[PDB]
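A.B. asks: Dumping the structure here so I can ask a few things about it.
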Amino acid sequence: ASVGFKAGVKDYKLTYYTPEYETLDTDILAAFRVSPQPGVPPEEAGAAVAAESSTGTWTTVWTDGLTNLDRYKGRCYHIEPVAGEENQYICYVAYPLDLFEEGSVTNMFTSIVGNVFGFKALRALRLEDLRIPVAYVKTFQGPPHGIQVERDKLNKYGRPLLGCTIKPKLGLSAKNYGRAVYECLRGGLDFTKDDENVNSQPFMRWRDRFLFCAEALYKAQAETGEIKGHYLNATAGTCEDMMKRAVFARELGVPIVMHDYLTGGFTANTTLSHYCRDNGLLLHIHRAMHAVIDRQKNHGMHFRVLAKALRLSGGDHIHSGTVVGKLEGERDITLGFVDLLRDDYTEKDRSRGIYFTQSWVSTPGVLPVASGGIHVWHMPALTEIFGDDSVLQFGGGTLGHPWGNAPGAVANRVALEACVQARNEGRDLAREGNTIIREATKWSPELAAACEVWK
Amino acid sequence: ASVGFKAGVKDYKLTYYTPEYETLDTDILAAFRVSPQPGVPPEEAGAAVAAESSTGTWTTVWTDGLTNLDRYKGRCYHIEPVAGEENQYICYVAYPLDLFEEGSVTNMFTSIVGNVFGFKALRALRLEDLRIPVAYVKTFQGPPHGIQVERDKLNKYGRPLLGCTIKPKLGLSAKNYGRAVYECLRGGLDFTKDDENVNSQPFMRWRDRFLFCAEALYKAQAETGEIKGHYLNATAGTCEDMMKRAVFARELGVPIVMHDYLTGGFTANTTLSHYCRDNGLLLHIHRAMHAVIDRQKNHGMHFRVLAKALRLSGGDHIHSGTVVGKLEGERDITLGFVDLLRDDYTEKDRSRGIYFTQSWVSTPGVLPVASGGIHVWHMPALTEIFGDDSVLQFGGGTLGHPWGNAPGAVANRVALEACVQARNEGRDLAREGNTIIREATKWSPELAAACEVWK
Amino acid sequence: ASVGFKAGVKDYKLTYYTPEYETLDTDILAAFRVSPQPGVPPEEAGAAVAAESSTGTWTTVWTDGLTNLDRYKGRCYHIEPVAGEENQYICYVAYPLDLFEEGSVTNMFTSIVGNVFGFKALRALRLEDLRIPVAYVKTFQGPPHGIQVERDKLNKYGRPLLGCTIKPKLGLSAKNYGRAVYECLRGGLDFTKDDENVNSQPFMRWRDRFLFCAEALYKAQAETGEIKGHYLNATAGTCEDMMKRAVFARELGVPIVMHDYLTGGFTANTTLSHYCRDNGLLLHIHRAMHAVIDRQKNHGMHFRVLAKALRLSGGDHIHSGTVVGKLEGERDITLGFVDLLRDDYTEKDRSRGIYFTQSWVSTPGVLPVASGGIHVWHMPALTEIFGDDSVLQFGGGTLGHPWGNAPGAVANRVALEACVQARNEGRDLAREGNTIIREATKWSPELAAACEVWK
Amino acid sequence: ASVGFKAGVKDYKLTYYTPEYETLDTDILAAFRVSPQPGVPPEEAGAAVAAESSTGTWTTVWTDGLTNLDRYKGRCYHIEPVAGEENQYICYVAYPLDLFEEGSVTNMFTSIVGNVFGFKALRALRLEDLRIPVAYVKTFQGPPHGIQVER
Amino acid sequence: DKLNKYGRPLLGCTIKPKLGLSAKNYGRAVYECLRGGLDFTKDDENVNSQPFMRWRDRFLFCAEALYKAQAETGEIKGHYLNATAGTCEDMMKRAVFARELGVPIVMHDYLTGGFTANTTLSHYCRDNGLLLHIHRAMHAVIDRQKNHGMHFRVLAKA
Amino acid sequence: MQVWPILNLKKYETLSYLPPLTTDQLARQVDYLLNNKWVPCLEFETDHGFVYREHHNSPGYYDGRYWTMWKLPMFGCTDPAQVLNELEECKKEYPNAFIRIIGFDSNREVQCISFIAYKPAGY
Ligand SMILES: O=C(COP(=O)(O)O)[C@H](O)[C@H](O)COP(=O)(O)O
Ligand SMILES: O=C(COP(=O)(O)O)[C@H](O)[C@H](O)COP(=O)(O)O
Ligand SMILES: O=C(COP(=O)(O)O)[C@H](O)[C@H](O)COP(=O)(O)O
Ligand SMILES: [Ca+2]
Ligand SMILES: [Ca+2]
Ligand SMILES: [Ca+2]
Ligand SMILES: [Ca+2]
């Protein structure tokens, strides 16, 4: 800020590393995992991250004297070494509320993550967590409906919801696709789903798919008496095409649409979220492309950050991966962002990867969706790990059943209900899971058939 | 008016106190209760009220000579002392038809009440009544439907209508809210209602509430065979949000919406009133904030003025308080503005607070709504005081019944019908009320249960 | 909340008087001046105010057990006696963020002030102040432009802006009205203004007025080289008529429109505020009808509350009265709400009537407008009291000048500039005001002429 | 209005000729130049003009008892001979404010002049003037600009 | 062909009194007339929108009455809903609601409404499948006298 | 604690929550009409005695509100016995129909009363 000009380069460090700073409740806080280049000390790196994601300029400019830049700068207020990693630190940065456009996740990401990742003084950089202050949280709509309202609309209580992705994703005609949908739903699954890739393509145009899927879902609902849904993928090339798709779903009176928020983008996602709220449509969010960004530990953005952003922009469901096939810690990390998606308040907990205490001031929670190579035998585990407020999705786990989709669905619905009943009776799912499943096979031929095929 | 200029202050008095003035049938007349500062004589105060609510300027301006200001000035044409009050008078002021915008209650209030209340020569000021000339009355739409049409649409005759405010106002989820609505309606009440505070909030967004309330009301209507309604609150922050809410109610095919006319405002209220007429929606008006203005006897505006304004702007129902818990006189004042809301012609009657004879040239009447701490025992009284054309609302009086909402509703419907039958048979409700109620308990367990709980 | 039902009345007190309560930064706090009926102790009254403006019901209802009412109740957390008043106390009440609709001043007032003022246990009630938490402040747009942007658009710096209300309000034809406008503006005033009563009437329809006023203002701007404006009153009977008026002002390319926010209403005001932001129009707000509510010390709402509400809903200017003609204290109270309108942060200060510290998290400030019986001699005082960021309006003080509007304008512009120059040179306006004015008369015949007419 | 039914024709005259009527400031008044057929007395003609431009029916209908037709009827309240014309009179008729749609000249003409001119009892009929009450005048916009604004 | 009525004149009945009945009592009269065998009932030429009976309420109750009479008798019924109004905009609003109700016929006083408005309504009826009943109110002001005016045959061709 | 029944609990507006009217009570309600100068009339319905929605769904539109008039309103009627005799003729002819007595107030120019006078067996 201010001047007595005299052009020239100058140095960051003293200006952006403010270890004495007391954060304001209105500040957006970021926890960056910084891997500096050799020779760059930690304080220097932290200061660079702050300067490079806010007001740092490479050479002094006279206009800084027309404002008070201190009021606008990002500040590295804390640094701590990462255990078991040489030259790697967690740097905490505070950003003033005034830097951000209200209600715009697009602007939030552009400001924090738009520039710093390419800074030469850093070898690698990863955003691990963001503390979104409640005054900024209030500028967003959040989920169109959220957990509580969704269960009330669907009249489904006391158990995880169940879905199934139709496969093969490409190749089936709209009608054969709908046939698969009806056979799955009539067996007891609550939802069926379009693959993230299924938008509108040569062998299956979107309108034809939406139309046959509607016929299939209404027929399954009339047969079973339970409310059904099919995630109709509205992801498209332009905002106009996406809206056309959402509008037809509305015309059909169906309950839920879907959007690939990362490939579609936050600007389009927020538009669709607002439309769903205004029209009573549930919105299922698929996280396609997330691993391009969140997989590597040293660079990118951890998924918990992409999950908070989605809760703000808006979605009623969001894919959170399976906790299956991974060790504890990764199990703990998942449970950690699951709390961040569902709860109103989550206290800081480094054992679960939660760097900041986060409050949501009544913004609705998002239902996490467990998907990926799961079948009947993982049921006790999934129920134990996620609890009731989750959607368990079985693609191959349903369409791979030897007797077909309907029995495949029955097997999954019976397996889930057996676990819920057992848990409610006080049985230990963690210890007695396999026994609970086996007992159910005694009276369920469908379940017994499935158990024979898998694991 | 006119001139021979020469700038300078000058004096009101002679110009605005016109005790010889004969009012025109086109004039808007106002009765102000004036409490002058010590030392200000009555004629001086009355003249100030007239000047200060029309053409009085603090210093002579040359432009007055370009018109005939006499044609535009307000005139204090009569003053009379208030009994039992020292230095307090009723000053009558006449305003020419030409000062007002046609169809605009907003402009009517701005012109009469927009400036005078802050005049230093006055200690306090209260507008007690307005005589709205029929030529101005004809510029307004008035109620979208009114008493006669409402009964015909609903097919309800010969008894007061019955409603119930859902409580707690905040805290219930849209679905539990709707459950309460269905249990109330199925028991015999005609309407259920959103609290004045219930618009759209974190735990219950408006669209979800409208949707569940629709399901509940249709289910209660199908069960009982009697037409039902739920006052869906459309009050919002902007005209656009209010319209969005009214439009969805239209889409649902429901019969009635609600608006807080004072907190929403007259400009928005007139818009909603016109929309309701064009779309066949009944409009229930809640008077939230009225006591901020109409409570004190020495300053503000009496409710009868706010009731006339609403009849012009438009509403099918309007809250008029209970006559219960107050002495005669206050009972007489209420009955007085009730006539002003319902009838086509009301003669001047100072014993009831009616300062001017008022004609409505066939503008539909408004149904008064009695609400506030009432229960089954007040039924004979309410029926006697209000007659058939009223809506009796029981919030705690229904949801507070020991067996629940439905029996709570039955108790109120039976109590009301017992009174109506008795009155029709020639029984004296004023003398035999308690006996009429007790006899009904003999055959109504629901009513007997209620009678045990209250008074 | 919760139950073990058993119907029946019950008692407030313990539930709503929570003297141990620590307020949350997200709570909306209210300071009520409570005058209890004789026999009602203070704790009882405070508890009644809290219960009656939130969850208090007259009889227990079973539905309370479906929620946690504690999370939704208003709480009286502090009470303090009023000095020099018997049986009068200031009761502080906290309301949870969740009770309010985002961006809706209409809902904020309905919730806090919609019901309590009529409670029988109270003799009188006045809302003195509200602490609006920053998380709620962020849900509003605030002023369409605000102080800083307005000066930049108009290119006016270092002195109060000057306006003049055209008089007589009614009676002039649109063309003669415009003639008065041109003569006023060409003399040095920045703005001219429609009276609050001037909307659309028989002798002067709105479109004709807007059109002639445009011709007049453009002619005055071309003559002087300084940017000019005329507050075109858009106040109307319906939202549709108000919008039609704003739209024509946009078509004319003029800079500012006007609205009577209290008679028009908050719902319509917020609509107009949003339109002005989207279309680059400044919005002047007139406070017609305020004294009906804010005048009496024992009942109503203090103007500082109506001023905060306007800053949230939106307005670029707002009438704040003159500090002239009143003793200190009232002078201090005015300066207090002036800070509340202009600044970003105002610390609690009971000597100025500021009951709560208020932050605005960069919501633009509103320009206060001093109006009412002022002329050239009050100039040093007004400049001293309000400072540069204010609009000084002279109706009779301009049109009452002996040589006409233009010289009347010159006299005011010279008087103001003489004071600004003097203050800037270090002269004491409070002590040397009259001397500063007299010296200017030596070289300004226009000013000398005015000084002769007044005081 | 009202009944004790019993179907059948009946006679106008007494019902529509109300020479004692005091007009209301809200009434629309019409001055008709009436030329009755030979044999039809003036009071009879005036009553026909009023009945035929309001509630007169050729045979009694039971629905009249569901309202108060007096509140809706046109009334011939005055008749005066035309000088220099045999069998020609000016009949004054009053119409209640409630018969008309606000702001609709189309409805005003349909109500007053839509039916009477073809009544057989009349040889000829001419509407000379209408007194439009100020309460009805206020329901119209009137000229878009008018004399003063145009100049 | 639309009405499926062949080989005989069609029959209608004008509801009386024209003014005075409430929309509901008006509809009651309509249902009792139609159920007896008449094909149509009709609004008087004067019945547009007035203080005791606003147009929308009348259209709505008349719809209920006509549908009830049609269901009872099995024969198609209609009620000439008068769309005559003060402006083109009001006339169109009325025709549009009749369309929304799915009813078969509307009415217009072509001479008092005027030819410009009548042609607009005629084009709308063709585009929306509505039959249009025309009332000749005011004709005798012009066509009665043999020596001056216009004979009705000219007003009929127009 | 009793639970309000769900099956066969259809109601018919005013006075339908009271025990069915005796001939004396019925006559007393009719005298109320006469004493107020209201015109009595009977209506009957054989099909659906309750409100439904078949032909349209917009606000304020419902089917089943209109029933069919039994003869004509009883103008000039001065004796409750006349009305009750008609109720008997109607019941004789339509023992399977719901019958209600309504009244018209020619001054307020509106139907003003409506109460069920007869319900067929099992209602
Ligand atoms: O198609 C499937 C699963 O099919 P199947 O049920 O047959 O395994 C899901 O879209 C991915 O598992 C999601 O990926 P991510 O969880 O990484 O978002
Ligand atoms: O919530 C209620 C009453 O609930 P309950 O029926 O339980 O008393 C009403 O809104 C107010 O009484 C109206 O206030 P006013 O009559 O002053 O407008
Ligand atoms: O018309 C004027 C002043 O004219 P003049 O300049 O001739 O005094 C203003 O609208 C009021 O003073 C405002 O009232 P408030 O300040 O109470 O809002
Ligand atoms: Ca997939
Ligand atoms: Ca309430
Ligand atoms: Ca003014
Ligand atoms: Ca006719």
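Ligands are numbered from 1 in the order shown, chains are lettered A, B, ... in the order of the structure tokens, and residues start at 1 in each chain.
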Report the closest atom pair, with its distance in Å rounded to one decimal, for each residue of chain C that has an atom no farther than 7 Å from ligand 3; count only C-alpha atoms and all ligand atoms, sort by chain and then rising residue number, and write it as CSV.
C.D. replies:
residue,atom,partner,partner_atom_place_in_ligand_line,distance
C:164,CA,ligand 3,6 (O),6.7
C:165,CA,ligand 3,1 (O),6.0
C:195,CA,ligand 3,1 (O),6.0
C:196,CA,ligand 3,10 (O),6.4
C:286,CA,ligand 3,18 (O),6.4
C:287,CA,ligand 3,18 (O),5.0
C:288,CA,ligand 3,18 (O),5.9
C:319,CA,ligand 3,18 (O),5.2
C:320,CA,ligand 3,16 (O),5.9
C:321,CA,ligand 3,16 (O),3.9
C:322,CA,ligand 3,16 (O),6.8
C:370,CA,ligand 3,16 (O),6.9
C:371,CA,ligand 3,12 (O),4.7
C:372,CA,ligand 3,8 (O),3.5
C:373,CA,ligand 3,8 (O),3.8
C:374,CA,ligand 3,8 (O),6.2
C:393,CA,ligand 3,6 (O),5.8
C:394,CA,ligand 3,6 (O),4.1
C:395,CA,ligand 3,6 (O),3.3
C:396,CA,ligand 3,7 (O),3.6
C:397,CA,ligand 3,6 (O),6.0
A.B. asks: Identify, on the basis of only C-alpha atoms, every residue whose closest approach to residue 112 in chain F does not exceed 8 Å; exclude the query and any residue fewer than 2 positions from it along the same chain; express the result as a ChimeraX atom specification.
C.D. replies: /B:157-158 /F:102-105,110,114
A.B. asks: Compare D:89, D:62, D:32, D:136 by their minimum atom-to-atom distance to chain F, counting only C-alpha atoms, and give me the closest one.
C.D. replies: D:62
A.B. asks: Name the closest residue to chain F among the candidates B:155, B:405, B:441, B:435; distances are taken between atoms, counting only C-alpha atoms.
C.D. replies: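 Comparing B:155, B:405, B:441, B:435 against chain F, the winner is B:155.
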A.B. asks: Dump the neighbourhood of ligand 7 as a PyMOL selection string: all residues within 12 Å, distances computed on only C-alpha atoms and all ligand atoms.
C.D. replies: (chain D and resi 52-58+110-111+114-116) or (chain E and resi 13-19+41-47+82+109+134-138)
A.B. asks: Which residues of chain C come within 12 Å of chain D, and for each one, what is the closest pair of atoms and their distance in Å to one decimal, counting only C-alpha atoms, sorted by chain and residue number, as a tab-separated table?
C.D. replies:
residue	atom	partner	partner_atom	distance
C:172	CA	D:148	CA	11.6
C:173	CA	D:149	CA	8.0
C:174	CA	D:149	CA	7.9
C:175	CA	D:149	CA	8.0
C:176	CA	D:149	CA	10.8
C:201	CA	D:141	CA	11.4
C:202	CA	D:141	CA	9.9
C:203	CA	D:149	CA	9.4
C:204	CA	D:149	CA	8.9
C:205	CA	D:145	CA	8.8
C:206	CA	D:145	CA	11.5
C:207	CA	D:145	CA	10.3
C:208	CA	D:149	CA	7.9
C:209	CA	D:149	CA	10.3
C:211	CA	D:149	CA	11.6
C:212	CA	D:149	CA	10.8
A.B. asks: Next, write the just-selected residues to a file, as a CSV table (one decimal), in the first residue's frame, keeping N, CA and C atoms as the atom set.
C.D. replies:
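Result went into again.csv, see below:
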chain,number,residue,atom,x,y,z
C,172,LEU,N,-48.6,22.9,-10.0
C,172,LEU,CA,-47.9,23.3,-11.2
C,172,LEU,C,-48.1,22.3,-12.4
C,173,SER,N,-48.0,22.8,-13.6
C,173,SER,CA,-48.2,21.9,-14.7
C,173,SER,C,-46.8,21.3,-14.9
C,174,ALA,N,-46.7,20.2,-15.6
C,174,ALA,CA,-45.4,19.6,-15.8
C,174,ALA,C,-44.4,20.5,-16.4
C,175,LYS,N,-44.8,21.3,-17.4
C,175,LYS,CA,-43.9,22.3,-18.0
C,175,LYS,C,-43.4,23.4,-17.1
C,176,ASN,N,-44.3,24.0,-16.3
C,176,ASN,CA,-43.9,25.1,-15.4
C,176,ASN,C,-43.0,24.5,-14.3
C,201,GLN,N,-50.7,12.5,-10.9
C,201,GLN,CA,-52.0,13.0,-10.5
C,201,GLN,C,-52.7,13.8,-11.6
C,202,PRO,N,-54.0,14.1,-11.4
C,202,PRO,CA,-54.7,14.8,-12.5
C,202,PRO,C,-54.0,16.0,-13.2
C,203,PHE,N,-53.4,16.9,-12.5
C,203,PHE,CA,-52.9,18.0,-13.2
C,203,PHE,C,-51.4,17.8,-13.7
C,204,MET,N,-50.8,16.7,-13.2
C,204,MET,CA,-49.4,16.5,-13.7
C,204,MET,C,-49.2,15.0,-13.7
C,205,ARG,N,-49.3,14.4,-14.9
C,205,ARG,CA,-49.1,12.9,-15.0
C,205,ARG,C,-47.6,12.7,-14.9
C,206,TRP,N,-47.2,11.5,-14.4
C,206,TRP,CA,-45.7,11.3,-14.3
C,206,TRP,C,-44.9,11.4,-15.5
C,207,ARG,N,-45.3,10.8,-16.6
C,207,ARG,CA,-44.5,10.7,-17.8
C,207,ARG,C,-44.2,12.1,-18.3
C,208,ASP,N,-45.2,13.0,-18.3
C,208,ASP,CA,-45.0,14.4,-18.8
C,208,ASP,C,-44.0,15.1,-17.8
C,209,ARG,N,-44.1,14.9,-16.5
C,209,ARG,CA,-43.1,15.5,-15.6
C,209,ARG,C,-41.7,15.0,-15.9
C,211,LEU,N,-40.4,13.8,-18.6
C,211,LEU,CA,-40.0,14.4,-19.8
C,211,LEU,C,-39.5,15.8,-19.8
C,212,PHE,N,-40.3,16.7,-19.1
C,212,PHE,CA,-39.9,18.1,-19.0
C,212,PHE,C,-38.8,18.3,-18.1
A.B. asks: Give me, as a ChimeraX atom specification, the contact residues of chain E against chain B at a cut-off of 8 Å, counting only C-alpha atoms.
C.D. replies: /E:23-24,51-52,56-57
A.B. asks: Write out as a list in words the residues lying within 9 Å of residue 1 in chain D, counting only C-alpha atoms and excluding same-chain residues fewer than 2 positions away.
C.D. replies: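 Listed by chain and then number, they are residues 3, 63, 64, 65, 66, 67, 68, 69 and 70 of chain D; 106 of chain F.
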A.B. asks: Please produce a file of those selected residues containing N, CA and C atoms, as a JSON list (two decimals), in the first residue's frame.
C.D. replies:
[["chain", "number", "residue", "atom", "x", "y", "z"],
["D", 3, "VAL", "N", -90.60, -12.68, -5.44],
["D", 3, "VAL", "CA", -91.74, -13.36, -6.06],
["D", 3, "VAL", "C", -92.84, -13.99, -5.13],
["D", 63, "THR", "N", -86.36, -16.09, -11.47],
["D", 63, "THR", "CA", -85.07, -15.65, -10.96],
["D", 63, "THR", "C", -85.03, -14.24, -10.41],
["D", 64, "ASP", "N", -86.01, -13.41, -10.77],
["D", 64, "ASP", "CA", -86.07, -12.04, -10.27],
["D", 64, "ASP", "C", -86.18, -12.03, -8.75],
["D", 65, "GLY", "N", -86.71, -13.10, -8.20],
["D", 65, "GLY", "CA", -86.82, -13.21, -6.76],
["D", 65, "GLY", "C", -85.52, -13.50, -6.02],
["D", 66, "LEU", "N", -84.44, -13.76, -6.76],
["D", 66, "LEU", "CA", -83.13, -14.04, -6.15],
["D", 66, "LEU", "C", -82.31, -12.75, -5.94],
["D", 67, "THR", "N", -82.87, -11.63, -6.40],
["D", 67, "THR", "CA", -82.24, -10.32, -6.27],
["D", 67, "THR", "C", -83.28, -9.30, -5.88],
["D", 68, "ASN", "N", -82.82, -8.06, -5.88],
["D", 68, "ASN", "CA", -83.62, -6.90, -5.61],
["D", 68, "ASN", "C", -83.46, -6.10, -6.91],
["D", 69, "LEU", "N", -84.36, -6.35, -7.85],
["D", 69, "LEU", "CA", -84.33, -5.69, -9.14],
["D", 69, "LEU", "C", -84.51, -4.17, -9.12],
["D", 70, "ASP", "N", -85.06, -3.65, -8.03],
["D", 70, "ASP", "CA", -85.26, -2.22, -7.92],
["D", 70, "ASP", "C", -83.94, -1.47, -7.91],
["F", 106, "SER", "N", -82.69, -12.51, -0.84],
["F", 106, "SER", "CA", -82.85, -11.65, -2.01],
["F", 106, "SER", "C", -82.32, -10.23, -1.81]]
A.B. asks: Between CA of residue 227 in chain C and CA of residue 414 in chain C, what distance in Å does the model show, to one decimal?
C.D. replies: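 Atom-to-atom, CA of residue 227 in chain C and CA of residue 414 in chain C are spaced 17.4 Å apart.
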A.B. asks: Using only C-alpha atoms, which chain C residues lie at most 8 Å away from chain A, written as a count of residues only?
C.D. replies: 8
A.B. asks: Tell me as a ChimeraX atom specification which residues belonging to chain B come within 9 Å of chain F, counting only C-alpha atoms.
C.D. replies: /B:148,150-159,186-188,221-227,249-256,279-282,402-404,406-407,410,413-414,417-418,420-421,424-426,440,443,445-446,449
A.B. asks: Would you list the contacts of residue 114 in chain A as a count of residues only, taking every protein, DNA or RNA residue within 12 Å and counting only C-alpha atoms, but skipping same-chain residues closer than 3 positions in sequence?
C.D. replies: 16
A.B. asks: Excluding residue 96 in chain F and its own-chain neighbours fewer than 4 positions away, which residues fall within 10 Å of it when counting only C-alpha atoms? Please give them as a ChimeraX atom specification.
C.D. replies: /F:44-47,91-92,118-121
A.B. asks: So the first atom is atom 1 (O, counted along the ligand's line) of ligand 1 and the second is CA of residue 448 in chain A; what is the distance between them in Å, to one decimal place?
C.D. replies: 24.7 Å
A.B. asks: List every residue of range 63-194 of chain C that DSSP, applied to the backbone of this structure, places in strand (DSSP E or B), and write the result as number ranges by chain.
C.D. replies: C: 75-81, 89-95, 122-131, 161-165, 191-193
A.B. asks: Which polymer residues have any atom within 8 Å of an atom of residue 64 in chain A, counting only C-alpha atoms, with same-chain residues fewer than 6 positions away left out, as a list in words?
C.D. replies: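 The residues satisfying every condition are residues 1, 2 and 3 of chain A.
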A.B. asks: Which residue gives the smallest distance to ligand 6 among B:86, B:8, B:210, B:112, with only C-alpha atoms and all ligand atoms counted?
C.D. replies: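 The closest residue to ligand 6 is B:112.
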